[PDB]
Each structure stands twice: as structure tokens, then as C-alpha cells.
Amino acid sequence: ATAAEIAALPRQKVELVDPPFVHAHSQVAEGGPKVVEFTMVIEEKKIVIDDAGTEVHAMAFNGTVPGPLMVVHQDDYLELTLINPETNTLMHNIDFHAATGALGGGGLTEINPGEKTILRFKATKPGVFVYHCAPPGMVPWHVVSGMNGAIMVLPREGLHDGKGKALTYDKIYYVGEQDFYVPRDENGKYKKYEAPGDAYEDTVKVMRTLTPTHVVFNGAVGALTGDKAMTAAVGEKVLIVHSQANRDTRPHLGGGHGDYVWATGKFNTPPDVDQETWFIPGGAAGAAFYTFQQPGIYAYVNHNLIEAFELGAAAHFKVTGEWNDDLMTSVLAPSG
């Protein structure tokens, strides 16, 4: 619309929350198009990714791996203030796969330590989309160092199934999956480095094998298990957004299904249904909607089970409620 119209749209600042949780939002849009404002500070920091104290110099949007999920509605504008503190050592930027132009905004947001930038783009396509850092010449290094996340652009009228019936979730979680490539010495021990740049050469060699040393959810092996398992109750409707900015994954809810899965992550593409295991290509986000029918622990995993159970890509859902013997029952328990 006109120049005045855009300038007159309401501006609204939103407080982000760390994954797997998601900031406050409404499924059906409230009011007309708005300029939704977010601010994220980039943090280069050492994080431990496994039970052996293995370290990675993470490059983290808002200080987390994955970066937080930003939620807007179709035709709203997302206006991000991106800050790169003087304490960091590298230049960073951001590419929103949801955006149109300049490498998703990457060409307009190259900021050195001590600089900030503000990017605005119109969210013209509904769906979940990956966002990731992409500095010319060092794109994969920043992405596999954890500098990626996703956003969700909801249809202004909320979600719907293939027949146009509304799909309203009770809660939503964002599972960011990260492939890491940590160098090892000749004895097989993971190496540690003083500064991010010190690990560059060694890391690229591991990257070229196309074989991650770790594949994790929310930044570490077991980050979404135990006391940090995601939760739900029988009867509750849950949307699970999943992203992988660099490598393929195949999510599976063990003991459950994806009732409606936008495998490509785009809401104008009708969702597949009754899915056992869906597929999200590297460089994309997907979303699955499920209504829980049984209480208990569910294993939510990348279904290359070696990646899930040897490399780290396994999360848990802890569900409360009444067991349904119609759906499943032990007719004869394990016995001699």
C-alpha cells in the first residue's frame, strides 16, 4: 500500500522467550497488519554440548541455539534490531528465508562487533521458515556453529486442515535441530580452542566429511529430556515446529503421529496426514500438529536412530492423563 499507510501501521515490540518455548501470540491475527518489532543480541560463547564436557564456540542469536522462534502473521512486517556487541570477534548478519530480497536480508545486515542494524521485511508467505547467519565466504561455519533459528508466519485466520477446518493448538514448542562438527585429536578426544577463529581450519575438515559428530535438539544432547522434557495432557493439541538449517532430518513422535504435518512448512501447501515419520530438508522448517491420546513418555526423535541415540537427536514429551485400553492394551504382560 501507500507510503503513508506503511508509516502509519501500528508498531509493536515483543519480548522473546528461549526455545523450546514461544513468545506470546494469537493464532488468529488481532487487528490489521502491524510492524512487529524484535531485538536480538548475538553472543559468541562457549557451550557444552554433551555429557563429556565437549565444547563448541557457539554463535548464538539472542544467546541460544537455536535462536528463538519469532511469530508474526501474513502481511505483517517483521522489524528486527540485530546487535553485535564489541565483545564478539566476528562479523555476522541474518538471512530470513521468509523474506524477499538481498539474500533474505543478509546483504543488508552485515554488522561488525560494535555495530547494530535494523531490518524490516513484509511477511508475504505463511509458514514456518528458517533464519540463519550467512556472512559471505563463511556461511556454513556460522550456521553449523549454531547461528540459526526459525520464524512462524501464521495465516491471518490461523491454521486450517486440507478441507478448511480450523486447527487450533493448545500449546506450541519449537525444536531446533543442530548438526555440530567438533574436531578431535589423534586419540579421539574432542579439541578445545581459545577463540572461535582458532578452530576454523580443523572444523572445516570435519564439515567436509559431511558427518556430524553430534546432532542435537536445543543445543545439547539431552537438552529436551528428563526434567526438561516437553509436556502435554491427553486431549491437548500441540504444534511442534522443527527446523534444520543445514542438514536433513526426519522427525518422529514415538507412540504418536503427526495428525497434520506441513512437511514443507508452508501453510498454503495442504498438510500431509496420519504421518509416522516426516521429512524436513536441510535449509527448512516444518510443523506437525498432534492431539495426544495416551499418557506417558514419548520419544520425539530424528528417525535415523543412530543420529537420535548415538549422536544426540532425541527429546521426550511427558504426557499426563488417562490410559486408553481401546487404543492399546497389554493382553498378556511379559512372562515366562
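All residue numbers are counted from 1 along the displayed sequence.
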Higher-scoring stretch by recorded Cα B factor average, 268-276 or 301-309
268-276
Quick check: 146-154 versus 110-118, which has the larger average CA B-factor in the record?
110-118
Options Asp95, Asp202, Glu86, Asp179 - largest CA temperature factor per the record
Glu86
Report the option among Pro251, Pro140, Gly162, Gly222 whose CA atom has the maximum B-factor in the deposited record.
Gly162
Which third of the chain holds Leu90 when residues are ordered by C-alpha B factor: lowest, middle or highest?
lowest
Entry-reported C-alpha B-factor of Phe129 relative to its chain, by third, is lowest
Position of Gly255 among the chain's modelled residues by C-alpha B-factor, lowest, middle or highest third
highest
In terms of its chain's C-alpha B-factors, the third that includes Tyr169 is the highest
Taking the chain's C-alpha temperature factors as the reference, tell me which third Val241 falls into: lowest, middle or highest.
lowest
